[PDB]
Amino acid sequence: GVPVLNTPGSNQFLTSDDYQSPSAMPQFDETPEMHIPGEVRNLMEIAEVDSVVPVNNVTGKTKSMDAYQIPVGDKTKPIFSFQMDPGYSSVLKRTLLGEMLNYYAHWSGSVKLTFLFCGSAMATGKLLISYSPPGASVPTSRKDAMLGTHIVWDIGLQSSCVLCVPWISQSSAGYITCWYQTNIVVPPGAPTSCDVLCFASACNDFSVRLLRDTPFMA
Amino acid sequence: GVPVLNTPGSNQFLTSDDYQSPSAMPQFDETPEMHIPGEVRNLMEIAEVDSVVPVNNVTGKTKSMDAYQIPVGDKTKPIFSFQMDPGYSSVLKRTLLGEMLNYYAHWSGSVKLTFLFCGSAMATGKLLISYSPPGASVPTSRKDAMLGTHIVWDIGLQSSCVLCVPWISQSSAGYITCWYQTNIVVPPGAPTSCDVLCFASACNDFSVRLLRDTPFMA
Amino acid sequence: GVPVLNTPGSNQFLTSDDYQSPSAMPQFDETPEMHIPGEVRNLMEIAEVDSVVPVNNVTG
Amino acid sequence: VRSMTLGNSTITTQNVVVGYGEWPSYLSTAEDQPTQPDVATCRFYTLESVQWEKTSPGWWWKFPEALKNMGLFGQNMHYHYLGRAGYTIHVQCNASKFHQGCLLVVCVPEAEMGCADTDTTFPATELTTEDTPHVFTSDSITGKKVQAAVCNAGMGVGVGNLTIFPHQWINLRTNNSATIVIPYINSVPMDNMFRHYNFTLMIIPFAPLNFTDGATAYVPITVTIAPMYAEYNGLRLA
Amino acid sequence: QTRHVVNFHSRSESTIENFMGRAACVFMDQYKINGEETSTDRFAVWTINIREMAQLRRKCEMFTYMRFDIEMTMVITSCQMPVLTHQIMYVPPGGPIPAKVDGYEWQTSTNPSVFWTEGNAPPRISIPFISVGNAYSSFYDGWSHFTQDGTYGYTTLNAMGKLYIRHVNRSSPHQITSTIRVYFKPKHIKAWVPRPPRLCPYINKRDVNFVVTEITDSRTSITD
Amino acid sequence: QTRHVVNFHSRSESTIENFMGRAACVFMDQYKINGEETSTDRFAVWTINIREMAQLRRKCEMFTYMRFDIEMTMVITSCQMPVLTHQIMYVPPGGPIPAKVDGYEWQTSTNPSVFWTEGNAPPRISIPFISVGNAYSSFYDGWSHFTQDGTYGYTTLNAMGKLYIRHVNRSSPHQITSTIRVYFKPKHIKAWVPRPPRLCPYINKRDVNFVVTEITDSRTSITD
């Protein structure tokens, strides 16, 4: 019949191939597909969902829900500060963003952060959210944070300030520090100490290349 | 010649394949097909045929033809009662319906029942045929059967009442009980005790998926 | 199916062949090609470059 | 202020999070025919109000059977063994202006929860107490019951990234009301309402309640469920 | 298990070709390679009929008449040397049979045979609709010999042939005991005249004789 | 390593079919050839489920509902003769199972099985979407038996079958111990209802039970 000749690679089993498998049950006709709500067609649709970031993950507050709460209410040291990279960072590694990025080796994109102030409706103050570029050093003072990139976030007007941090990739990252511009001003009835929740997702669109096994599972 | 490469699955023998078998007798020309009456082109054409259902299959009446006869002619206990599922039910498992359904694991459809009254042409009475939904409990009295689904089947007018029981599938079923609404009224010449035959088939169309080996054969 | 017959030269490994190698990472999409200056498309573009010739290559 | 009414139940409300971008709908066969009640069933079933103190870790309800004693919807569960619904869920908080806090109101379809001491199961009355909610706990617990520690809500996931589901934040600084519409997520078109818990409404306080020594020591959380587009199997012959 | 909503509408698995056309093992047999030059234990026979095992036999008795090509694939093993080559000779209904492993019938040009050597894919041999009539008859209410003689129920129309299997190797230093598993499969199958299913268990492979069996399993009362 | 300009724009590797559809070894098992005629160490079982190893199990728990064809390719070795032939019998969810290496279930026509002889390419058998429902459920917050009986969390919709594997050779002079490695692969996969990733380690392969684990790794202060 047809003269064929087997190339190198015949009668082998490459694990990652896409050949036509001979079906064991050919007569069998499978169940018709109904419409089920909430289809996922791409993994990066999970990374675009905001989720609470455990910024206050200090040594004794990680098995409770005090990990998610940033205590607000000393103006010389910042409120919080963390590396801005969803991989290899204790704060952003178990986020929905940071967990769908540990399945991959090459990823690059931007990341948006939402700071929801969960204090009273009468508490009023200012917080200064500074961003350091990936090469720069952290601000040691509030003035040195003001001279860089910042957003003086008035709490009494808006209760949710949104960032969008670019240049986030791996294959020495940024910083999101936060400072007391003013103290929390509060009437006699409302409580003095408040909390700030944080969030993280993919800002506009996220690029991600090389799939691997996750490190968390043992 | 043509560079080919054998995939995984070459030189194997999958039992369920549909490959072109090399014919051993190629010169041989087979006998022309005449028209023989009564062709079957689908198994569910056997399930659509009515056949007598052994409702009276009590411990000593299964090797005779008293299994098929429901004795008619105490108004407090029902005449007969059985699970409405052609699989795993002693009454409906050896019917033409219930026997072409034991070749399959997934089947779903409806089932119609015909009650042929085989009494005299002068005997007259009423029977109340109640249906319980697959979750409901059986009626313990005639009134509680009347408050559900029923058909007061006048024997003196029509001698054959047809049901169509839906929601019949497996992958806790219904009930067809029957009650004395009235006794069998009979003139002095005709006999007092009568019989009722039952039938079963597929009502409109029947769905059936996964072929298996039958349990009956050993 | 299709009646084939293997010729001489089947199931051998000729070192200089140009067959379609089955890719190990099919899902993987490689990095886009940027324009890098100074592409070589032929070796004889190196021979056409002048270079200094050691004529006075005496023993010392 | 919008005064919604359904049947013989009117509530007073003050944006809707449509779960998975779909509004519940009916299933559209003579072999199996559904019955659409429409009458009643759709009215508002206000559960008992839940007091939220400074030390409350959270709550959860398991639906559809949280409404198993709620009127005609809880009575059609006993007569039909198949059904489906949509469950518009309003969650008010009616706190004051000096109270502070934040809630996560999330629905979590198919919340398979884990036992407190593994190698065994729980006696099935630990997942649900019909109307009343099972609270979470602040730390780990033992015994034949649900591991109800927050940070690992029920399923062994992080409680912070529980936002992937249909959710709504109730920040007492800004808002007080939440509303979620959950269009019957399941792998079979109809399922039994006593075996299978289609979703788990769990309300989890991220930022804890706080106030001073003059306010009321709690904030009552009011839960209201409206079963929409509920349809059942047929009981009549064909 | 639980009662689920089995919602779909399909009868493609209930057609005759999707019901009968399934490969099933119908013949295990041993055959040696050496010793006993005049012996019957050096080859296999298996007269091809549908009444082989009761699971398949039951399906062919749903229908009175049926016609179909058969496509059997043997699966041959060996125990205990060289590389072994086998021979699976199908003789038609009109065909000479061997009496010994070294008979001259094995060389008959009208008996098609496959020569499968060990290690390759299993040998597949396909046989068309041989019968003289227009269909194979599962049941034959009649007598082979005219005037109501012996042999009830056996017609010669539903004769399919035989399948003689041997080693082609003439001898061996040690003993090699090969095992063959014939996988019968109906193909392009049509079926006429449906028929009620078998109720009683099977007695013998050439008759319809039976013991009177109860209709269904019994229950206590008519109302329970 | 150093932080480079990772400049590209692609999410083709983040789709569901390019995330789940990867072959992973899910079942190693030994099975002998001879001795102990009534023994359970002459065949393999492996009830097919996604909850086999925690690396794959974690990926299937990203999503509540998913449906997919499976296409497994076995990799069979041997130790210690003739050329060996194996049998990998897939039984459906509704299917009889063997109790011994010589049971009659192995000859069931409705259980598809491949007969792979040693030396060739690995055997590949593909299984469609079997389930009764419209998707496989990774999680089932419900009870198998009505009225809150035992067996929490186990539905019968996400049953995929079993995979019985044996030698077809009846015996051998010496002992041969074969090893099989089943390579499971989802194919044509769709997935619904995303779900947060697993945080705690796995305890058992049939439940969701866990030990309360910390959210993230701890650091010294909030500002370092």
# chains A, B, ... in the order shown; residues from 1 in each chain; ligands from 1
>>> interface_residues(of="chain C", to="chain B", cutoff="8 Å", atoms="only C-alpha atoms", output="PyMOL selection string")
chain C and resi 1+7+19
>>> interface_residues(of="chain D", to="chain E", cutoff="9 Å", atoms="only C-alpha atoms", output="list in words")
residues 32, 82, 188, 189, 190, 191 and 192 of chain D
>>> write_last_selection(atoms="C-alpha atoms", output="PDB file, in the first residue's frame")
ATOM      1  CA  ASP D  32     -41.376  14.908  33.516  1.00  0.00           C
ATOM      2  CA  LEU D  82     -37.632  17.971  43.641  1.00  0.00           C
ATOM      3  CA  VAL D 188     -28.768  18.788  37.863  1.00  0.00           C
ATOM      4  CA  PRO D 189     -31.855  20.838  36.876  1.00  0.00           C
ATOM      5  CA  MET D 190     -33.820  19.770  39.967  1.00  0.00           C
ATOM      6  CA  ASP D 191     -32.672  18.253  43.248  1.00  0.00           C
ATOM      7  CA  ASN D 192     -34.143  17.234  46.585  1.00  0.00           C
TER       8      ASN D 192
END
>>> residues_around(residues="residue 188 (chain B)", least_positions_apart="4", cutoff="12 Å", atoms="only C-alpha atoms", output="short mmCIF file (atom, residue, chain, number, x, y, z; two decimals) with N, CA and C atoms, in the first residue's frame")
data_model
loop_
_atom_site.label_atom_id
_atom_site.label_comp_id
_atom_site.auth_asym_id
_atom_site.auth_seq_id
_atom_site.Cartn_x
_atom_site.Cartn_y
_atom_site.Cartn_z
N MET B 122 -72.31 -8.42 32.92
CA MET B 122 -73.39 -7.93 33.77
C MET B 122 -72.90 -7.41 35.11
N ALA B 123 -71.66 -7.68 35.49
CA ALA B 123 -71.13 -7.21 36.76
C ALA B 123 -70.83 -5.73 36.67
N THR B 192 -69.94 -14.11 41.02
CA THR B 192 -69.71 -13.02 41.95
C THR B 192 -68.26 -12.53 41.94
#
>>> closest_residue(among="A:178, A:116, A:127, A:132", to="residue 159 (chain A)", atoms="only C-alpha atoms")
A:116
>>> interface_residues(of="chain B", to="chain F", cutoff="12 Å", atoms="only C-alpha atoms", output="MDAnalysis selection string")
chainID B and resid 5:17 102:108 135 169:172 208:215 218
>>> interface_residues(of="chain E", to="chain F", cutoff="10 Å", atoms="only C-alpha atoms", output="PDB file with C-alpha atoms, in the first residue's frame")
ATOM      1  CA  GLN E   1     -27.415   6.020  45.587  1.00  0.00           C
ATOM      2  CA  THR E   2     -30.166   8.622  45.227  1.00  0.00           C
ATOM      3  CA  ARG E   3     -32.917   9.289  42.697  1.00  0.00           C
ATOM      4  CA  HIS E   4     -31.676  12.117  40.477  1.00  0.00           C
ATOM      5  CA  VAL E   5     -33.315  14.058  37.652  1.00  0.00           C
ATOM      6  CA  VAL E   6     -32.165  11.870  34.753  1.00  0.00           C
ATOM      7  CA  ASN E   7     -33.054  14.466  32.112  1.00  0.00           C
ATOM      8  CA  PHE E   8     -32.109  13.649  28.515  1.00  0.00           C
ATOM      9  CA  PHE E  19     -27.066  -3.399  21.278  1.00  0.00           C
ATOM     10  CA  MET E  20     -25.660  -6.510  19.557  1.00  0.00           C
ATOM     11  CA  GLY E  21     -22.457  -5.164  18.006  1.00  0.00           C
ATOM     12  CA  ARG E  22     -20.224  -5.622  21.042  1.00  0.00           C
ATOM     13  CA  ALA E  23     -17.149  -7.827  21.204  1.00  0.00           C
ATOM     14  CA  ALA E  24     -17.339 -10.618  23.779  1.00  0.00           C
ATOM     15  CA  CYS E  25     -14.953 -13.474  24.499  1.00  0.00           C
ATOM     16  CA  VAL E  26     -16.604 -16.690  23.337  1.00  0.00           C
ATOM     17  CA  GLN E  55     -25.061 -13.787  28.148  1.00  0.00           C
ATOM     18  CA  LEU E  56     -24.718 -13.284  24.390  1.00  0.00           C
ATOM     19  CA  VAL E  75      -5.911 -12.816  21.524  1.00  0.00           C
ATOM     20  CA  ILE E  76      -3.199 -15.484  21.673  1.00  0.00           C
ATOM     21  CA  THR E  77      -0.820 -16.011  24.591  1.00  0.00           C
ATOM     22  CA  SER E  78       1.869 -18.558  25.388  1.00  0.00           C
ATOM     23  CA  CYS E  79       3.562 -20.215  28.351  1.00  0.00           C
ATOM     24  CA  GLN E  80       6.279 -22.830  28.851  1.00  0.00           C
ATOM     25  CA  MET E  81      12.677 -20.477  22.514  1.00  0.00           C
ATOM     26  CA  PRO E  82      12.159 -18.849  19.099  1.00  0.00           C
ATOM     27  CA  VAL E  83       9.558 -16.292  18.035  1.00  0.00           C
ATOM     28  CA  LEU E  84       6.268 -18.126  17.550  1.00  0.00           C
ATOM     29  CA  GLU E 118       3.909 -13.264  18.268  1.00  0.00           C
ATOM     30  CA  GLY E 119       4.443  -9.703  19.476  1.00  0.00           C
ATOM     31  CA  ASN E 120       2.341  -7.811  16.917  1.00  0.00           C
ATOM     32  CA  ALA E 121      -1.226  -6.531  17.101  1.00  0.00           C
ATOM     33  CA  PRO E 122      -3.868  -9.257  17.477  1.00  0.00           C
ATOM     34  CA  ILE E 176       4.847 -24.379  24.872  1.00  0.00           C
ATOM     35  CA  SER E 178      -0.660 -21.422  23.921  1.00  0.00           C
ATOM     36  CA  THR E 179      -4.029 -19.985  24.939  1.00  0.00           C
ATOM     37  CA  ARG E 181      -9.375 -16.053  23.260  1.00  0.00           C
ATOM     38  CA  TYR E 183     -13.561 -12.162  20.430  1.00  0.00           C
ATOM     39  CA  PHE E 184     -16.783 -12.514  18.463  1.00  0.00           C
ATOM     40  CA  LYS E 185     -18.521  -9.385  17.212  1.00  0.00           C
TER      41      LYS E 185
END
>>> interface_residues(of="chain F", to="chain C", cutoff="8 Å", atoms="only C-alpha atoms", output="PDB file with N, CA and C atoms, in the first residue's frame")
ATOM      1  N   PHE F   8       5.493  40.985  27.529  1.00  0.00           N
ATOM      2  CA  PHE F   8       4.664  40.232  26.596  1.00  0.00           C
ATOM      3  C   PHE F   8       3.236  40.333  27.112  1.00  0.00           C
ATOM      4  N   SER F  10      -0.043  37.826  27.052  1.00  0.00           N
ATOM      5  CA  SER F  10      -0.610  36.536  26.693  1.00  0.00           C
ATOM      6  C   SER F  10      -1.334  35.942  27.888  1.00  0.00           C
ATOM      7  N   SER F  12      -3.049  32.757  27.013  1.00  0.00           N
ATOM      8  CA  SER F  12      -3.440  31.484  26.424  1.00  0.00           C
ATOM      9  C   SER F  12      -3.081  30.319  27.336  1.00  0.00           C
ATOM     10  N   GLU F  13      -2.090  30.498  28.206  1.00  0.00           N
ATOM     11  CA  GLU F  13      -1.695  29.458  29.143  1.00  0.00           C
ATOM     12  C   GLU F  13      -2.533  29.492  30.415  1.00  0.00           C
ATOM     13  N   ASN F  18      -5.800  24.695  29.136  1.00  0.00           N
ATOM     14  CA  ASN F  18      -4.349  24.763  29.220  1.00  0.00           C
ATOM     15  C   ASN F  18      -3.857  24.761  30.658  1.00  0.00           C
TER      16      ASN F  18
END
>>> atom_distance(atom1="CA of residue 78 (chain D)", atom2="CA of residue 91 (chain D)")
27.4 Å
>>> interface_residues(of="chain B", to="chain D", cutoff="6 Å", atoms="only C-alpha atoms", output="MDAnalysis selection string")
chainID B and resid 109:110 133 135 164:167
>>> write_last_selection(atoms="C-alpha atoms", output="tab-separated table (two decimals), in the first residue's frame")
chain	number	residue	atom	x	y	z
B	109	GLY	CA	-39.38	8.13	30.76
B	110	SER	CA	-43.05	7.47	31.40
B	133	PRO	CA	-45.93	10.76	43.78
B	135	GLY	CA	-41.84	11.12	47.55
B	164	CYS	CA	-49.70	7.24	32.14
B	165	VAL	CA	-47.29	7.47	35.08
B	166	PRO	CA	-44.50	10.07	34.63
B	167	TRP	CA	-41.22	10.66	36.49
>>> closest_residue(among="F:64, F:223, F:177, F:216", to="residue 38 (chain A)", atoms="only C-alpha atoms")
F:64
>>> residues_around(residues="residue 100 (chain F)", least_positions_apart="4", cutoff="9 Å", atoms="only C-alpha atoms", output="list in words")
residues 37, 38, 39, 40, 42, 43 and 104 of chain F
>>> select_by_dssp(residues="region 105-217 of chain D", states="strand (DSSP E or B)", output="PyMOL selection string")
chain D and resi 105-106+109+115+129+132+134-135+137+146+149+157+167-171+178-181+191+196+199-205+210
>>> write_last_selection(atoms="C-alpha atoms", output="compact mmCIF listing (two decimals), in the first residue's frame")
# COMPACT_ATOMS: atom_id res chain seq x y z
CA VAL D 105 -22.25 38.90 53.18
CA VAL D 106 -21.38 35.98 50.91
CA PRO D 109 -22.56 27.65 46.69
CA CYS D 115 -15.44 18.14 60.90
CA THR D 129 -30.63 24.35 62.95
CA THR D 132 -31.35 29.76 63.74
CA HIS D 134 -24.71 28.33 63.61
CA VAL D 135 -22.06 30.78 64.74
CA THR D 137 -15.72 30.41 66.52
CA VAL D 146 -18.21 21.51 62.25
CA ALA D 149 -13.10 28.59 63.23
CA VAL D 157 -9.88 28.03 52.54
CA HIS D 167 -20.78 38.91 47.98
CA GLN D 168 -21.57 42.36 49.36
CA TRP D 169 -19.76 44.45 51.96
CA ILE D 170 -21.81 46.15 54.65
CA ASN D 171 -19.63 49.01 55.90
CA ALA D 178 -27.12 44.15 51.18
CA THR D 179 -29.06 42.20 48.57
CA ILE D 180 -27.91 39.13 46.65
CA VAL D 181 -29.70 37.11 43.97
CA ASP D 191 -32.67 18.25 43.25
CA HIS D 196 -28.66 18.96 49.27
CA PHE D 199 -25.65 27.43 49.10
CA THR D 200 -24.51 28.71 52.50
CA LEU D 201 -25.28 32.32 53.40
CA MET D 202 -22.49 33.22 55.83
CA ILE D 203 -22.06 36.69 57.33
CA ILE D 204 -18.54 37.30 58.62
CA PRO D 205 -17.45 40.48 60.49
CA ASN D 210 -16.94 49.04 68.19
>>> residues_around(residues="residue 75 (chain B)", least_positions_apart="6", cutoff="9 Å", atoms="only C-alpha atoms", output="VMD selection string")
chain B and resid 142 179 to 183
>>> closest_atom_pairs(of="region 5-92 of chain F", to="region 110-113 of chain D", cutoff="12 Å", atoms="only C-alpha atoms", output="Markdown table")
| residue | atom | partner | partner_atom | distance |
| --- | --- | --- | --- | --- |
| F:61 | CA | D:110 | CA | 11.5 |
| F:63 | CA | D:110 | CA | 10.6 |
| F:64 | CA | D:110 | CA | 7.4 |
| F:65 | CA | D:110 | CA | 9.7 |
>>> write_last_selection(atoms="N, CA and C atoms", output="mmCIF file, in the first residue's frame")
data_model
loop_
_atom_site.group_PDB
_atom_site.id
_atom_site.type_symbol
_atom_site.label_atom_id
_atom_site.label_comp_id
_atom_site.auth_asym_id
_atom_site.auth_seq_id
_atom_site.Cartn_x
_atom_site.Cartn_y
_atom_site.Cartn_z
ATOM 1 N N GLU F 61 -10.289 21.703 42.684
ATOM 2 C CA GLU F 61 -11.052 22.423 43.690
ATOM 3 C C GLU F 61 -10.979 23.934 43.511
ATOM 4 N N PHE F 63 -12.692 25.026 41.148
ATOM 5 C CA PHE F 63 -13.978 25.153 40.485
ATOM 6 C C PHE F 63 -14.958 24.186 41.132
ATOM 7 N N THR F 64 -16.206 24.622 41.283
ATOM 8 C CA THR F 64 -17.213 23.759 41.889
ATOM 9 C C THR F 64 -17.666 22.677 40.918
ATOM 10 N N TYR F 65 -18.054 23.067 39.707
ATOM 11 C CA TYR F 65 -18.565 22.139 38.709
ATOM 12 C C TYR F 65 -17.648 22.131 37.496
#
>>> atom_distance(atom1="CA of residue 54 (chain A)", atom2="CA of residue 91 (chain A)")
5.8 Å
>>> closest_residue(among="D:187, D:163, D:140, D:222", to="residue 199 (chain A)", atoms="only C-alpha atoms")
D:163
>>> select_by_dssp(residues="region 43-142 of chain B", states="alpha helix (DSSP H)", output="PyMOL selection string")
chain B and resi 44-47+96-100+142
>>> residues_around(residues="region 193-198 of chain E", least_positions_apart="5", cutoff="12 Å", atoms="only C-alpha atoms", output="ChimeraX atom specification")
/B:35-47,49-51,93-103,214,216-217 /E:16,54-66,135,137-139,208-210,212-213,215
>>> residues_around(residues="residue 141 (chain B)", least_positions_apart="2", cutoff="10 Å", atoms="only C-alpha atoms", output="MDAnalysis selection string")
chainID B and resid 75:78 138:139 143:146 179
>>> closest_residue(among="A:64, A:27, A:131, A:120", to="chain B", atoms="only C-alpha atoms")
A:27
